[PDB]
């Protein structure tokens, strides 16, 4: 009996196969990166609007500057003279909880609230009573009538092309309530990608509800952020090498030493 099982790619034949589709057919059908992701991650031939949406998610998450945890760690690692893979990985390892984990957390929280049948106002008043933050809501500067253009771009695409967007509709009702009190409590990019990704899996027609719930549960949205942000982290590595930036050492004046 075989010790390994695999479902995504077969390289043994005359031609490379991605989830049952020969590579020449992947190109003939113009599936793109989005469609290759649909085959390798989900073993589905996704509709073209789903492929393009996935590509849009990767584009909007590609980078968010050098100050965030992962980009900062990659930069330090490049400045210490390390190779591309080590530097990228040093940054990627910061991802999953407080940094880059909100896509997954927003998808789960909004799905749970929606599936439980609680209306948006009561979801908001419950989270306010329990003292818990709504994942995927809030921005430091952007506000209801000063939108995050990444959210706008995704939202226009999703609402036009998806057969339905019930979770996004629910999240937007939450946003109307939260922004009535504090204008900066908008549906942020992590919240938008999270809910729209659930809407894609649940309504594109390629998944049963059980499969959609499983892919969220095992971390498909963490995968999206990781693959997307890897573009920016490789870019930071290349940039630090070209800028001939030397070894970094954090300044002592920014560290409080509280030893016994």
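Numbering follows the first chain given and starts at 1.
As listed in the deposited structure, the average C-alpha B-factor of 22 to 30 and of 220 to 228 is greater for 22 to 30. Comparing 110 to 118 with 129 to 137, the stretch with the higher mean C-alpha B-factor in the PDB entry is 129 to 137. As recorded in the entry, 142 carries the highest CA temperature factor of 142, 98, 72, 82. Annotation for 76, 88, 186, 167: 186 ranks highest, by Cα B-factor. Ranked by Cα temperature factor within the chain, residue 7 sits in the lowest third according to the deposited record. Residue-level temperature factors show residue 241 in the lowest third of its chain, judged at the C-alpha atom. In the PDB entry, a CA B factor belonging to the middle third of its chain's modelled residues is recorded for residue 105.
Among the modelled residues of its chain, residue 235 has a C-alpha B-factor that falls in the lowest third, as given in the PDB entry.
When the modelled residues of the chain are ordered by their C-alpha B factor, residue 94 lands in the lowest third.
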